[PDB]
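This report concerns only the one structure given below.
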Amino acid sequence: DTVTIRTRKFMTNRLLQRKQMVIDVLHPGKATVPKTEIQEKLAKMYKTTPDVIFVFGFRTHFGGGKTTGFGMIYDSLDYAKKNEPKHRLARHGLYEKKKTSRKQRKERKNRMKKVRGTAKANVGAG
Amino acid sequence: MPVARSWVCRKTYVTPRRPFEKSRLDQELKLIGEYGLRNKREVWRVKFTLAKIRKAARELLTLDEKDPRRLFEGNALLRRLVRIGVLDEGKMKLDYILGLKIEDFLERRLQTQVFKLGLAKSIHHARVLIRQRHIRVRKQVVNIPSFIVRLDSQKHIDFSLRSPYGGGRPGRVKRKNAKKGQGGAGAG
Amino acid sequence: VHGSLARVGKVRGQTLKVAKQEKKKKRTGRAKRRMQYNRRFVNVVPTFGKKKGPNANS
Amino acid sequence: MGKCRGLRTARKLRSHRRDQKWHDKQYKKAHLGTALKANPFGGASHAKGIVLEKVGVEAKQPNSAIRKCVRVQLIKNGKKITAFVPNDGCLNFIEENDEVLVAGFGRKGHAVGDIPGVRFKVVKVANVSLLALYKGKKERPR
RNA sequence: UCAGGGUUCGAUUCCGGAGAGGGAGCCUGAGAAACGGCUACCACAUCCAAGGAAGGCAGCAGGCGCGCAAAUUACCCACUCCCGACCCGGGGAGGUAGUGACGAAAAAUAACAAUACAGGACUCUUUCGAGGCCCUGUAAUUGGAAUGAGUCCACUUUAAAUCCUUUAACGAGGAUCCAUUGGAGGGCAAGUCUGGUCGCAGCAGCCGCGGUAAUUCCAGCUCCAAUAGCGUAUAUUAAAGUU
Ligand SMILES: [Mg+2]
Ligand SMILES: [Mg+2]
Ligand SMILES: [Mg+2]
Ligand SMILES: [Mg+2]
Ligand SMILES: [Mg+2]
Ligand SMILES: [Mg+2]
Ligand SMILES: [Mg+2]
Ligand SMILES: [Mg+2]
Ligand SMILES: [Mg+2]
Ligand SMILES: [Mg+2]
Ligand SMILES: [Mg+2]
Ligand SMILES: [Mg+2]
Ligand SMILES: [Mg+2]
Ligand SMILES: [Mg+2]
Ligand SMILES: [Mg+2]
Ligand SMILES: [Mg+2]
Ligand SMILES: [Mg+2]
Ligand SMILES: [Mg+2]
Ligand SMILES: [Mg+2]
Ligand SMILES: [Mg+2]
Ligand SMILES: [Mg+2]
Ligand SMILES: [Mg+2]
Ligand SMILES: [Mg+2]
Ligand SMILES: [Mg+2]
Ligand SMILES: [Mg+2]
Ligand SMILES: [Mg+2]
Ligand SMILES: [Mg+2]
Ligand SMILES: [Mg+2]
Ligand SMILES: [Mg+2]
Ligand SMILES: [Mg+2]
Ligand SMILES: [Mg+2]
Ligand SMILES: [Mg+2]
Ligand SMILES: [Mg+2]
Ligand SMILES: [Mg+2]
Ligand SMILES: [Mg+2]
Ligand SMILES: [Mg+2]
Ligand SMILES: [Mg+2]
Ligand SMILES: [Mg+2]
């Protein structure tokens, strides 16, 4: 195939239970590579799993060909579940998002600020 | 509000003071024809980047020799000039900078080298090819006709590796017509 | 002379109308300059000392 | 024939130049303020007004014509000023008692050309240009 | 902006100060003479069952008014940081997108052959004339090739999206996938063309044009300058050795 991975400025971070590096993808002729299709080749490179691997960034140059991004590879799964930002755990579902606007949260708080002892119906009856 | 931005920007030309002067209009029109540029402004850029070099050269030449500042910045300015093929290493001194003409910065343009190194039929054909992404510097497509070619980049200019002119699928015209033989001349 | 001497818009009204005759799309951009260089510098068929202007009619 | 040249005369030089600037007309009217106070605009480039009526003013000899002017009263000041209309037959677009936006003429305070004592010209009649009302690109909103 | 000396500007993202309709008084606190705190007078303005109560956008959006003059009642704490009892909550601070020809950078609207005419160095012929290589237009077609502006699957982007970049599929014959704005007496680049008007209508920064034969008005044609921009009004700087 044309696609190829090459790492750069590798660093083994023990203070956060991961190894981080920069990723080069030499993929001429084709569109950008999907993130899924990258992370499994990193696995085969480091012999762990396509589950403790996270990748992001990935801007493509002018002219086609290369792209460069950032990648991290955790030791356990749960260390990733602790040390990752939540939205990056959401990308490949491992977390979920809730309340449907900033307005509703704001305006509930302002209605509740005008009652004492039990804020009651403003939450319990919406 | 405070904000995370750079407002820094600048102009890169200066209009001439005499707006309708024949000795000027005919020379600049000559320079537009001989290198295939677009406006007058494409010439006033080169005039600016030369008239600004010629101020640093002069202000250095009005320092006294052996100065630290003059030595350092002169050795830095000559290096920068030599490195783009505007000056000869057999000169390498400030009192020669004042002898450079505008038609040496114009000569090092990629449009000029793509014609003069043989890849195109004319100075106008060259500007079309560069703008159509047919040419490559060193493992890198480029699309800007005004790109200035560094001295040792010179022999890297060649046709792109994904392009009809040398190893590439025929374009959307050579393919629409070869299909007219199998879709317009076989059963159509 | 007839009507008000001060009649406003007199000459713009009584002037007979004529349409634009043309079809030909003119050139634009670099290709126009390519034209003006060739016509002013490349071929200039030789003439007597009484030189002529590019729009001359008389 | 004499101008103090000595090494500590700076007070005299500065206090004397500061005085002599006041004889230069163009400087004087920038800084007395009586010009800006008297300006029929507000010290702006343009002003809106309402067309009181239409007049013609005979040009200054030798050349001869009747020059087709509005007389306007400005919105902000309320003061009255005469203005020129700038092309062949435009005086028919200007109905009476609509607004207009007058501008300057071109010599910063002074009557231009053959017209006696007219210092402003119209650009817009009713939010539409004269140059568009006259070239056909637009028509009056009514 | 500027030879050298200077002239003019600095409400405006960094630092210092001052103020929350105008003046005044104070509580609490390490810190306030605090207004997203309280009390009173002045000016405004809202609710009423006429007893009473309540208010401060020169925060972010939005509206009226004023004027020559200035954007959406959108999204989110993911980034930079701050606050808290705090690894967890909160932030119109701040980030993101919308409107945007204030302004700055890069840069398309045609490239190339054949043929026909046109023109020059060269060859030959006493010339005429012919051969001819180098260019320009210009025609008829063509001739085929090239590519994005667009339409549009996916990836990528990001908090979630948009944009740009990366890519499949469609997408050019010129009568459109159409370049404009101001001029053509002088200053100042460009017509002593043609038709119209007749000191009228109008032009003209200045000198000056128009009175039946207009290089200056109105229009066609042609030509000029800058060009994705150009004209006008105004303040200001150089020209000004006219401070
Ligand atoms: Mg504001
Ligand atoms: Mg006196
Ligand atoms: Mg006077
Ligand atoms: Mg006179
Ligand atoms: Mg200076
Ligand atoms: Mg300030
Ligand atoms: Mg103020
Ligand atoms: Mg402000
Ligand atoms: Mg401040
Ligand atoms: Mg201090
Ligand atoms: Mg107020
Ligand atoms: Mg305390
Ligand atoms: Mg207070
Ligand atoms: Mg406050
Ligand atoms: Mg309060
Ligand atoms: Mg109160
Ligand atoms: Mg407030
Ligand atoms: Mg506001
Ligand atoms: Mg208004
Ligand atoms: Mg504005
Ligand atoms: Mg407004
Ligand atoms: Mg935060
Ligand atoms: Mg939080
Ligand atoms: Mg903000
Ligand atoms: Mg711009
Ligand atoms: Mg177009
Ligand atoms: Mg594109
Ligand atoms: Mg997503
Ligand atoms: Mg025109
Ligand atoms: Mg004119
Ligand atoms: Mg004409
Ligand atoms: Mg002129
Ligand atoms: Mg001339
Ligand atoms: Mg007649
Ligand atoms: Mg006549
Ligand atoms: Mg005539
Ligand atoms: Mg000055
Ligand atoms: Mg003066």
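Take B:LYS91 and A:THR60, extend 7 Å from each Cα along the Cα→Cβ direction, and tell me the distance between the two endpoints in nm.
A separation of 4.5 nm, rounded to one decimal place.
Which value, in debye to the nearest 20, describes the size of the charge dipole of the stretch D:83-122 about its Cα centre when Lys and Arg Cβ atoms bear +1, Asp and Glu Cβ atoms bear -1, and nothing else is charged?
On the way: 4 positive and 6 negative charges, 89 e Å.
Result for the stretch D:83-122 is approximately 420 debye, rounded to the nearest 20.
Output the 0 to 90 degree angle, nearest 10, between the alpha-carbon long axis of helix B:68-82 and the longest principal axis computed from the alpha carbons of chain B.
For helix B:68-82, the angle is close to 20 degrees.
Give me the mean projected area, in nm² to one decimal, of the convex hull enclosing the Cα positions of the stretch B:146-188.
On the way: hull surface 17.2 nm².
Projected area, direction-averaged: 4.3 nm².
When the dipole is taken about the Cα centre of the stretch B:19-181, and only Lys, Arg (+1) and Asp, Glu (-1) are charged at their Cβ, what size is it in debye, to the nearest 20? Don't jump to the answer; show the numbers that get you there.
Working: 41 positive and 18 negative charges, 316 e Å.
I would put it at about 1520 debye.
In degrees, nearest 10, range 0 to 90: what is the angle between the Cα axis of helix A:35-46 and the longest Cα principal axis of chain A?
60
Near D:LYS60, which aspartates and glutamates are there with a Cα under 18 Å away, not counting those fewer than 8 places off in the same chain?
Within the straight-line limit of under 18 Å, D:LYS60 reaches these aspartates and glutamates: D:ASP114.
Could you list B:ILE123, B:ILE135, B:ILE84 in order of exposure, starting from the residue whose Cβ has the fewest other Cβ atoms within 10 Å?
Working: B:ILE123 18, B:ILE135 23, B:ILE84 15.
With the sparsest Cβ surroundings first, the list reads B:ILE84, B:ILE123, B:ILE135.
Mind checking which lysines have their Cα closer than 16 Å to the Cα of D:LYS108? Skip sequence neighbours fewer than 8 apart in that chain.
D:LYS25, D:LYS28, D:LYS29, D:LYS37, D:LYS121
Please report the antiparallel percentage of the DSSP beta bridges confined to the protein assembly as shown, to the nearest 5. It would help to have the intermediate numbers written out before the result.
Values: 45 of 47 bridges.
Taking every DSSP beta bridge with both residues in the protein assembly as shown, the antiparallel ones total about 95 percent.
Determine ³J(HN,Hα), in whole Hz, for all residues of the stretch A:108-124 in sequence, where each value follows from phi through the Karplus function 6.51 cos²θ - 1.76 cosθ + 1.60 and θ = phi - 60°; x replaces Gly and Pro.
4, 3, 5, 6, 5, 6, 10, 9, 10, x, 8, 6, 6, 3, 4, 10, x
Counting each DSSP H run of 4 or more residues in chain B as -39500 (n - 2.57), what helix-only mean residue ellipticity at 222 nm follows after dividing by all residues, to the nearest 500 deg cm²/dmol?
Numbers: 7 runs with 75 residues, N = 188.
Mean residue ellipticity, 222 nm, calculated: -12000 deg cm²/dmol.
How fast does the stretch B:43-188 diffuse by Stokes-Einstein, in µm²/s, taking the Kirkwood radius from C-alpha pairs at 25 °C and 0.890 mPa s? Mind dumping the intermediate values first?
Numbers: Rh = 18.3 Å.
My calculation gives 134 µm²/s for D.
Could you pull out every one of the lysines with an alpha carbon less than 19 Å from that of B:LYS40, ignoring same-chain neighbours closer than 8 positions?
Once the sequence-local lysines are set aside, what remains near B:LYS40 is B:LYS11, B:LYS22, B:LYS30, B:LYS52, B:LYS101, C:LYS32.
Compute the Rg/Rh shape ratio of the stretch B:21-61: radius of gyration over Kirkwood radius, all on alpha-carbon atoms.
On the way: Rg = 12.7 Å, Rh = 11.4 Å.
That ratio equals 1.12.
Of D:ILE50, D:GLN73, D:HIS110, which is farthest on the positive side of the dipole of the stretch D:2-142, counting Cα position, with +1 on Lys and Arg Cβ, -1 on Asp and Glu Cβ, and the Cα centre as origin?
Of the listed residues, the answer is D:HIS110.
Give the dimensionless ratio obtained when the Cα radius of gyration of chain A is divided by 2.2 N^0.38 Å. Write down the numbers at each step before the final one.
Values: Rg = 21.5 Å, N = 126, 2.2 N^0.38 = 13.8 Å.
The reported ratio for this selection is 1.55.
Fewest first, what order do B:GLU89, B:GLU42 take by the number of other Cβ atoms within 10 Å?
On the way: B:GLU89 9, B:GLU42 21.
Starting with the residue having the fewest Cβ neighbours, the order is B:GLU89, B:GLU42.
Between B:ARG58 and A:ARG111, what is the label-point separation in nm under the 7 Å Cα-to-beta-carbon projection?
With each label placed 7 Å out from Cα toward Cβ, I get 7.5 nm.
Taking each residue in B:25-36, count the Cβ atoms of any other chain within 10 Å of its Cβ, then average. What number comes out?
Values: counts 1, 2, 0, 0, 5, 3, 1, 5, 9, 2, 0, 4.
Taking all residues of B:25-36 together, the mean is 3.
Taking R0 as 25 Å, what FRET efficiency do you get between A:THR48 and A:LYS97 from their Cβ-Cβ distance, rounded to the nearest 0.05? Spell out each step's value before the answer.
Working: r = 28 Å, r/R0 = 1.13.
For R0 = 25 Å, the calculated efficiency reads 0.35.
For the stretch D:90-142 and the stretch D:1-80, what is the separation of their Cα centres, given in Å?
The stretch D:90-142 and the stretch D:1-80 have Cα centres separated by 22 Å.
Taking the Cα centre as origin and putting +1 on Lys and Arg beta-carbons and -1 on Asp and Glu beta-carbons, what dipole magnitude results for the stretch D:2-142, to the nearest 20 debye? Could you put the intermediate results ahead of the total?
Working: 32 positive and 11 negative charges, 309 e Å.
In total the dipole reaches around 1480 debye.
Which of A:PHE58, A:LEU15, A:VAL3 sits farthest toward the positive end of the charge dipole of chain A, with +1 on the Cβ of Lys and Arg and -1 on the Cβ of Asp and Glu?
A:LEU15
Any chance you could tell me what percent of the C-alpha pair distances in the stretch D:2-142 go past 25 Å?
On the way: 4311 of 9870 pairs.
Percentage above 25 Å: 44.
For a footprinting-style exposure proxy, rank D:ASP98, B:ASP95 by other Cβ within 10 Å, fewest first.
Numbers: D:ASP98 13, B:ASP95 9.
So the residues, fewest neighbours to most, are B:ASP95, D:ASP98.
May I ask which residue of B:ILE53, B:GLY118, B:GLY85 lies farthest towards the positive end of the charge dipole of the stretch B:19-181, with charges of +1 (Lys, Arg) and -1 (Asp, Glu) on Cβ and the Cα centre as origin?
The one lying farthest along the dipole's positive direction is B:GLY118.
How many nm is it between the label spots at A:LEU77 and B:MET1, if each spot is 7 Å from the Cα in line with the beta carbon?
4.1
We did not get these values from a lab; they are worked out from the coordinates using the rules stated. Cβ sites come from the backbone with ideal geometry, for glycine too, and all protein chains shown count toward neighbours.
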